[PDB]
Each structure stands twice: as C-alpha cells, then as structure tokens.
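Okay, so here's the structure we're looking at.
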Amino acid sequence: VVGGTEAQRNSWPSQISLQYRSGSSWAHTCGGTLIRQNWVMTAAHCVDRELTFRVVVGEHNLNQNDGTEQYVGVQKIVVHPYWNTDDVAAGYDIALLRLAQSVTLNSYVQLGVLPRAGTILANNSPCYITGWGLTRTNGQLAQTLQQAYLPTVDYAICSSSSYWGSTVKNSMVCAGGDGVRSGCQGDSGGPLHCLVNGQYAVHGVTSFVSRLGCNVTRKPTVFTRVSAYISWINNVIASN
Ligand SMILES: [Ca+2]
C-alpha cells in the first residue's frame with residue numbers, strides 16, 4: 001500500500017497473509033480474506049506459481065511476533081475456471097483456498113462479510129485497501145499492516161479512455177487513482193473494505209495496478225468485484 005497508515009491490530013481481522021516457502025523461511029506474497037474458518041478468498045494470479053503456500057491469520061507485523069498469529073497450510077486451491085494468467089484484464093481474478101485446519105476466531109481473526117450478490121457501489125464510496133504490499137512503486141513490503149482510503153471510481157469513469165479504458169470490466173471495482181494512495185505489489189488478493197449502511201464489507205479482491213506504477217493519477221487500483229462471484233463462492237464451498 002502506497003500512501004497508507006498503519007492499521008490498528010484489530011481493525012481488519014479478516015485480512016490474511018498468503019506466504020510461500022522460500023528455503024528454510026516463508027515469504028509474504030499476497031493478501032486474502034478469511035471467509036470461513038477453513039476458507040480464504042484471494043486472487044487467482046496469487047496462486048499461478050506451483051509453490052507451497054500457507055496462510056497466516058492474526059498477523060500484524062510480518063517481521064515480529066504479534067502473539068496473535070495462527071499459521072495454517074493450504075490444503076486445496078480452487079481457481080475460477082475462466083481465469084487466464086496472460087489475460088488479467090479479462091477478469092475472473094479470484095481463487096478459494098481450503099485450509100488444512102479451521103482457525104479459531106477472536107478479535108484478531110474474524111470472517112469477512114461479503115456484499116449481497118449484484119451490489120454496485122455509488123461513485124466515490126468510502127473504502128479502505130489493506131495489505132503488506134510495497135510502500136512505494138519499486139519499493140519494499142511493509143512490516144506492519146497498512147490501510148489507505150481509496151474512494152470508488154464507478155465503471156463509467158473507470159472504463160473511460162483517460163482511466164483504464166477497455167481494460168476494466170463491470171466484474172471489477174476501481175478505487176483510488178489520486179496519484180498518492182494505492183495498492184501495490186504484495187497487496188494482490190487482499191480486501192477492499194467498503195462502508196455501507198454502517199458496516200464494512202469486502203467488496204473487492206485486489207487484482208492489478210498500472211505497469212507504469214502503483215500510485216498513478218487516473219489509474220485507480222483494480223479489484224475483482226466480490227458481489228459478481230457470490231454464487232461461484234457458495235458453489236465451491238458447498239462442493240468441497
Ligand atoms: Ca507477526
């Protein structure tokens with residue numbers, strides 16, 4: 001997250017760190033959202049590589065013992081069947097991870113609430129991106145979980161020629177684009193939390209930013225629109 005602030009450690013209890021095994025260590029690669037005690041929602045592109053993955057819930061500082069973490073293996077990966085890694089602009093950037101164990105819920109570990117199917121946010125709706133991704137274009141991962149305020153940019157604006165044009169689909173949410181705040185590498189897969197009727201819900205799965213840079217004016221961060229995938233999510237969990 002570029003232009004973020006450090007989150008409070010109990011603000012975003014559905015955020016997870018998706019990590020892969022790297023020698024005798026683990027490396028953070030992506031975010032995700034805990035949606036059942038044994039299921040995480042992330043981006044498909046986060047799991048294109050043939051890596052060994054784990055999920056960390058209750059994580060605040062990637063580099064320090066928080067005293068709240070639970071570490072759990074990924075048992076099964078179900079990528080959306082229309083996903084193509086060489087066509088991120090086509091959409092379908094979503095995957096579900098079945099965890100090897102059910103995590104225990106507490107003030108640091110909670111299920112993310114998803115919107116009702118079909119819900120579309122008004123332009124300029126209040127949202128936060130969260131993650132441990134780079135804090136500058138071509139920078140380094142955050143140590144502590146970051147948040148940034150990224151108001152939505154509706155489809156008509158986002159898909160206009162000075163924004164993303166044809167690259168953005170109605171199956172996506174755009175947010176931000178102010179040139180200061182954005183998602184960045186290592187945020188992919190994580191949530192966009194939007195305040196609706198007094199409740200935050202996870203409306204987005206972080207999918208991409210511009211090849212030119214993370215915080216680029218009129219290139220808002222692009223997310224998979226969770227409300228387009230409710231039936232798919234429910235069907236995968238019910239069949240697995
Ligand atoms: Ca930690």
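Ligands are numbered from 1 in the order shown, residues from 1 within each chain, and chains are lettered A, B, ... in the order they appear in the structure tokens.
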
* Please provide the set of residues having any atom within 8 Å of residue 223 (chain A), restricted to only C-alpha atoms, with same-chain residues fewer than 6 positions apart removed, written as a list in words. => residues 172, 173, 174, 192, 204, 205, 206, 207 and 208 of chain A

Show which residues sit within 9 Å of residue 137 (chain A), as a PDB file with C-alpha atoms, in the first residue's frame. Count only C-alpha atoms, and ignore same-chain residues fewer than 4 positions away.
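After the write, around_12.pdb holds the following:
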```
ATOM      1  CA  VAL A   2       1.429   3.340  -1.129  1.00  0.00           C
ATOM      2  CA  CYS A 184       0.971  -2.165  -4.889  1.00  0.00           C
ATOM      3  CA  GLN A 185       2.769  -5.472  -5.402  1.00  0.00           C
ATOM      4  CA  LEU A 212       3.703   2.444 -15.110  1.00  0.00           C
ATOM      5  CA  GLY A 213       3.475   2.399 -11.320  1.00  0.00           C
ATOM      6  CA  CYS A 214       1.304   1.795  -8.252  1.00  0.00           C
ATOM      7  CA  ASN A 215       0.120   5.321  -7.395  1.00  0.00           C
TER       8      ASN A 215
END
```

Per-residue nearest contacts chain A to ligand 1, cut-off 8 Å, using only C-alpha atoms and all ligand atoms, as JSON lines:
```
{"residue": "A:58", "atom": "CA", "partner": "ligand 1", "partner_atom_place_in_ligand_line": "1 (Ca)", "distance": 7.9}
{"residue": "A:59", "atom": "CA", "partner": "ligand 1", "partner_atom_place_in_ligand_line": "1 (Ca)", "distance": 5.0}
{"residue": "A:60", "atom": "CA", "partner": "ligand 1", "partner_atom_place_in_ligand_line": "1 (Ca)", "distance": 5.4}
{"residue": "A:61", "atom": "CA", "partner": "ligand 1", "partner_atom_place_in_ligand_line": "1 (Ca)", "distance": 4.1}
{"residue": "A:62", "atom": "CA", "partner": "ligand 1", "partner_atom_place_in_ligand_line": "1 (Ca)", "distance": 4.6}
{"residue": "A:63", "atom": "CA", "partner": "ligand 1", "partner_atom_place_in_ligand_line": "1 (Ca)", "distance": 5.8}
{"residue": "A:64", "atom": "CA", "partner": "ligand 1", "partner_atom_place_in_ligand_line": "1 (Ca)", "distance": 4.6}
{"residue": "A:65", "atom": "CA", "partner": "ligand 1", "partner_atom_place_in_ligand_line": "1 (Ca)", "distance": 4.3}
{"residue": "A:66", "atom": "CA", "partner": "ligand 1", "partner_atom_place_in_ligand_line": "1 (Ca)", "distance": 4.5}
{"residue": "A:67", "atom": "CA", "partner": "ligand 1", "partner_atom_place_in_ligand_line": "1 (Ca)", "distance": 7.3}
{"residue": "A:68", "atom": "CA", "partner": "ligand 1", "partner_atom_place_in_ligand_line": "1 (Ca)", "distance": 7.7}
{"residue": "A:69", "atom": "CA", "partner": "ligand 1", "partner_atom_place_in_ligand_line": "1 (Ca)", "distance": 6.4}
```

Write the selection just made, keeping C-alpha atoms, as a compact mmCIF listing (two decimals), in the first residue's frame?
```
# COMPACT_ATOMS: atom_id res chain seq x y z
CA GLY A 58 -3.99 -12.80 13.26
CA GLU A 59 -0.93 -11.30 11.56
CA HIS A 60 0.06 -7.62 12.09
CA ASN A 61 3.83 -7.45 11.70
CA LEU A 62 5.37 -9.81 9.13
CA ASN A 63 8.77 -9.42 10.86
CA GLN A 64 7.85 -9.70 14.60
CA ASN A 65 5.92 -11.95 16.93
CA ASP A 66 2.49 -10.35 17.48
CA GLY A 67 1.37 -13.04 19.95
CA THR A 68 -1.87 -13.47 17.91
CA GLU A 69 -0.89 -15.40 14.79
```

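Using only C-alpha atoms, the smallest distance between any of A:111, A:175, A:236, A:228 and residue 163 (chain A) comes from A:175.
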
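Using only C-alpha atoms for every distance, the candidate list A:24, A:146, A:124, A:130 yields A:124 as the residue closest to residue 158 (chain A).
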
* **10 Å contact set for residue 142 (chain A), only C-alpha atoms, chain neighbours under 5 positions out, as a ChimeraX atom specification** => /A:1-2,4,6,61-63,131-136,186

* Asked: Can you list, as a PyMOL selection string, every protein, DNA or RNA residue that comes within 10 Å of residue 116 (chain A) when you count only C-alpha atoms, leaving out same-chain residues fewer than 5 positions away?
  -> chain A and resi 201+203+226-230

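Shortest atom-to-atom contact with residue 109 (chain A) among A:149, A:164, A:26, A:71: A:71, counting only C-alpha atoms.
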
* To do: List the neighbours of residue 48 (chain A) out to 10 Å using only C-alpha atoms; skip same-chain residues closer than 5 positions along the sequence, and give me the result as a PyMOL selection string.
  => chain A and resi 43+79+83-85

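If you measure from each of A:8, A:240, A:166, A:188 to residue 97 (chain A) using only C-alpha atoms, the closest one turns out to be A:240.
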
* Asked: Closest to residue 25 (chain A) among A:88, A:168, A:9, A:53, using only C-alpha atoms?
  -> A:53

* Give me every alpha helix (DSSP H) residue in region 44-199 of chain A, going by DSSP on the backbone, as number ranges by chain. => A: 155-158

Include N, CA, C and O atoms and write out the residues we just selected as a PDB file, in the first residue's frame.
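Contents of the output file part.pdb:
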```pdb
ATOM      1  N   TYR A 155     -17.806   2.374 -12.828  1.00  0.00           N
ATOM      2  CA  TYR A 155     -17.445   1.725 -14.104  1.00  0.00           C
ATOM      3  C   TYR A 155     -17.429   2.747 -15.250  1.00  0.00           C
ATOM      4  O   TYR A 155     -16.494   2.741 -16.052  1.00  0.00           O
ATOM      5  N   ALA A 156     -18.413   3.640 -15.323  1.00  0.00           N
ATOM      6  CA  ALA A 156     -18.459   4.603 -16.439  1.00  0.00           C
ATOM      7  C   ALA A 156     -17.192   5.455 -16.463  1.00  0.00           C
ATOM      8  O   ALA A 156     -16.675   5.730 -17.549  1.00  0.00           O
ATOM      9  N   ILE A 157     -16.718   5.911 -15.305  1.00  0.00           N
ATOM     10  CA  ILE A 157     -15.477   6.726 -15.225  1.00  0.00           C
ATOM     11  C   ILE A 157     -14.271   5.831 -15.445  1.00  0.00           C
ATOM     12  O   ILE A 157     -13.374   6.164 -16.220  1.00  0.00           O
ATOM     13  N   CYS A 158     -14.219   4.716 -14.724  1.00  0.00           N
ATOM     14  CA  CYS A 158     -13.024   3.848 -14.709  1.00  0.00           C
ATOM     15  C   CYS A 158     -12.690   3.295 -16.096  1.00  0.00           C
ATOM     16  O   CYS A 158     -11.516   3.092 -16.419  1.00  0.00           O
TER      17      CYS A 158
END
```

* Show which residues sit within 9 Å of residue 14 (chain A), as a ChimeraX atom specification. Count only C-alpha atoms, and ignore same-chain residues fewer than 2 positions away. => /A:12,16,32-35,57-58,108-113,191

Would you export the selected residues with C-alpha atoms as a PDB file, in the first residue's frame, please?
```pdb
ATOM      1  CA  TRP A  12      -9.346  -5.680   9.797  1.00  0.00           C
ATOM      2  CA  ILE A  16      -4.646 -12.768   5.965  1.00  0.00           C
ATOM      3  CA  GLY A  32      -6.506 -12.628   1.240  1.00  0.00           C
ATOM      4  CA  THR A  33      -9.764 -12.537   3.187  1.00  0.00           C
ATOM      5  CA  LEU A  34     -10.841 -15.238   5.638  1.00  0.00           C
ATOM      6  CA  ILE A  35     -14.433 -16.089   4.590  1.00  0.00           C
ATOM      7  CA  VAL A  57      -4.362 -15.180  10.328  1.00  0.00           C
ATOM      8  CA  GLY A  58      -3.986 -12.796  13.261  1.00  0.00           C
ATOM      9  CA  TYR A 108      -7.755 -10.590  15.526  1.00  0.00           C
ATOM     10  CA  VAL A 109      -9.340 -13.389  13.421  1.00  0.00           C
ATOM     11  CA  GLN A 110     -12.883 -12.942  12.040  1.00  0.00           C
ATOM     12  CA  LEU A 111     -14.765 -13.827   8.854  1.00  0.00           C
ATOM     13  CA  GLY A 112     -15.021 -11.106   6.257  1.00  0.00           C
ATOM     14  CA  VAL A 113     -18.562 -10.121   5.416  1.00  0.00           C
ATOM     15  CA  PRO A 191      -9.571  -6.980   0.560  1.00  0.00           C
TER      16      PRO A 191
END
```

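Between CA of residue 210 (chain A) and CA of residue 5 (chain A) lies a distance of 21.9 Å.
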
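Distance-wise, CA of residue 239 (chain A) and CA of residue 75 (chain A) end up 14.8 Å apart.
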
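Nearest-residue note for residue 76 (chain A): choosing from A:225, A:181, A:169, A:98, the minimum distance belongs to A:98, counting only C-alpha atoms.
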
* Would you give me, as number ranges by chain, the residues in region 7-152 of chain A that DSSP reads as strand (DSSP E or B)? -> A: 15-22, 25-36, 39-42, 53-57, 61, 70-79, 95-99, 106, 109, 127-131, 134, 141, 144, 146-149, 152

* Asked: For the atom pair CA of residue 161 (chain A) and CA of residue 123 (chain A), what is the interatomic distance in Å to one decimal place?
  -> 17.3 Å

* Asked: Within 9 Å of residue 233 (chain A), counting only C-alpha atoms, which residues qualify if same-chain residues fewer than 5 places away don't, as a list in words?
  -> residues 41, 95, 96 and 238 of chain A
